[PDB]
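A note on names: the letters A, B, ... follow the listed sequences, proteins ahead of strands, and every chain is numbered from 1. All heavy atoms count here, side chains included; hydrogens, waters and symmetry mates do not.
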Amino acid sequence: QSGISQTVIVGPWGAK
Amino acid sequence: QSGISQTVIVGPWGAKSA
Amino acid sequence: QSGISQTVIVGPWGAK
Amino acid sequence: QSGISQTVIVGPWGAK
Amino acid sequence: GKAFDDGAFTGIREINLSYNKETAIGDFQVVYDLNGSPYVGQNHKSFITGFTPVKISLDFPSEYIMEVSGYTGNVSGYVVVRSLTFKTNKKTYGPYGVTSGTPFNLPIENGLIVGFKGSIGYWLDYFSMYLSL
Amino acid sequence: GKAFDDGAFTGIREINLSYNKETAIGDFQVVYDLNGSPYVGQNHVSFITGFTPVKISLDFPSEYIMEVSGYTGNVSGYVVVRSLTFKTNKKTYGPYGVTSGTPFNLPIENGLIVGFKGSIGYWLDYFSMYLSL
Amino acid sequence: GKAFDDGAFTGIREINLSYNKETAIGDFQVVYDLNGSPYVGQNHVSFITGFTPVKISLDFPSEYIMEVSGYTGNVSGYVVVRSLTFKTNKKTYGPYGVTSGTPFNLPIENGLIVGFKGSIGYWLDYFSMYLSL
Amino acid sequence: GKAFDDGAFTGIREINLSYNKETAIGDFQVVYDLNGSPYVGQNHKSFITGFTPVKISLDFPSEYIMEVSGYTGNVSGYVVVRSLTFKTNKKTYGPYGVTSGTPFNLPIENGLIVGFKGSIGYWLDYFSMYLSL
Ligand SMILES: CO[C@H]1O[C@H](CO)[C@@H](O)[C@H](O)[C@H]1O
Ligand SMILES: CO[C@H]1O[C@H](CO)[C@@H](O)[C@H](O)[C@H]1O
Ligand SMILES: CO[C@H]1O[C@H](CO)[C@@H](O)[C@H](O)[C@H]1O
Ligand SMILES: CO[C@H]1O[C@H](CO)[C@H](O)[C@H](O)[C@H]1O
């Protein structure tokens, strides 16, 4: 779809 | 390496293992 | 995204 | 495991 | 407890667990998606009985888990998982169990939970989750 | 031909295919590893018969495919996969079929083949491979 | 606060943060590894001063973070990250800050933290982590 | 020749190579994307001159490589990469060099090329590609 590589991202922790 | 596929694993939560 | 996991796929080789 | 991230690598094509 | 490791699959369709409001989580079983088809994971059961069964049926694949949270704490001298909550892009399931002890939460910004592993004796001792894109 | 898509798994344990030295590859079936246990993939059969069966049993998990190569070319008016060769870290299986036409090869420096998809009519029209770490 | 997103890299070599024993985490900067070469990430600074700086120099690549934990809580009417602790396969760094509020923790069984994103005003408002094999 | 390894990045923005209509590919240099910012890779130059330069400027991130193909063959006793062709979702760049020898091609159904490594003496001896989601 996009030419940008993706990565798993976890979070966020802190203010919503 | 080995012939076994791997994936990210997060945890564990609960009793300590490491 | 959807709820289905993704994997790199190379190919196909053979007929177009 | 080392602290270096890994990625799939295909090849090489050309001289052995 | 007895360790288990379901491994990684391509998605999650249904989660079956049991709890006791005075102790912790007991049984744990998952119906995974395996390349478009349902795959029934082994039922990991507590060494004892008396738990309340709960079935979480997700509307796969449009519905998926975005955050897992819960509480860990001491029960009978053991550190175990006392409560679990599953939040999807459509609804919140839980909390199931005792919301007492030390909280934990795993929000996922990008990615999917595709597997579980852990250990169960009288209760769920601990658990981990496989993550993938 | 009739398309197929096995999906992604944990690894490869065995490959069962058939071929005709004067035409091309016919049947194709894979026994995958699914989190430590064998998973028998669907047998993708040619519309016709007369092929020579081949069983490639790998010493999973110590043995794994490091390179897949072969040839594509016409059989009557159709472009198909005429030959295949599988090279592991322990042995070379093949070539199977007509070793003439347009060559192709996929060497893997890091990663594993964890699935197959493609199409089969009288012969293997084309195929793709799932790759993972 | 002012949002930031370092993106994903090859690994982590050094972490530079600052904190105050009476409030929360302040500045945050990471020196990543980019394909074997140190890559200095932008220094994400607090709007105010008075923090105690800390430098966590890892023995890259043999040493890496296995768990990140901390606390989030209210400070002057703002929910922020009040404490952070980094545990590697060699040592435990921290806790830095005040361990009051709601705890959170991210243990990693397989994989690596390869990037950070979040927001910083007077203090670290929130943060997320990039994970990869 | 002199080996090189650019490593892995977020994507590809521009490829600069040179070739000679009678021999093979010479110089090779890539401008990668690193978390949204251009990152200029080292120029990997041939030991000799006389090549014709080519600049492939991609419309990142909407345009990306979908297939890389080429030819390997003997040049003055050395097996090298004689030709390269890059096909994106928008157009075809090449072939550049000499389309003679043994062909090779890597079509990608899902995923992205995020880096290159190889070796260059008088000509490009060989090369490999990093793939990722
Ligand atoms: C001879 O025709 C048959 O075999 C070819 C090659 O496998 C297929 O492409 C085609 O769909 C099928 O009908
Ligand atoms: C005191 O106010 C400042 O600090 C807080 C906490 O860091 C931020 O949330 C806020 O946007 C910023 O303006
Ligand atoms: C003519 O010799 C030079 O060029 C060839 C082909 O590029 C390299 O393989 C070799 O190492 C280098 O010394
Ligand atoms: C009551 O003991 C049993 O349950 C606890 C808590 O689940 C532990 O798992 C322990 O190893 C098991 O023998």
Does CZ in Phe4(F) sit with more than 12 non-hydrogen atoms of other residues, nucleotides or ligands closer than 6.0 Å? yes
Atom NZ of residue position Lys2(F) - does it have more than 12 heavy atoms of other residues, nucleotides or ligands inside 6.0 Å? no
Atom group of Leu106(F) that falls short of 4.5 Å from chain C, counting heavy atoms: side chain
Is chain C contacted by the side chain of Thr72(F), its backbone, both, or neither, given a heavy-atom distance below 4.5 Å? side chain
Return the orientation label for the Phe127(F) and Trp13(C) ring planes: parallel under 30°, perpendicular over 60°, tilted otherwise. tilted
All heavy atoms of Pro12(C) vs all of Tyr126(F), minimum pair found to be CB-CD1, 3.9 Å
Nearest-0.5 Å distance, CE of residue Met129(F) to CD1 of residue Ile9(C): 11.5 Å
Side-chain touch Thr7(C)/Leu131(F), heavy atoms, less than 4.5 angstrom: no
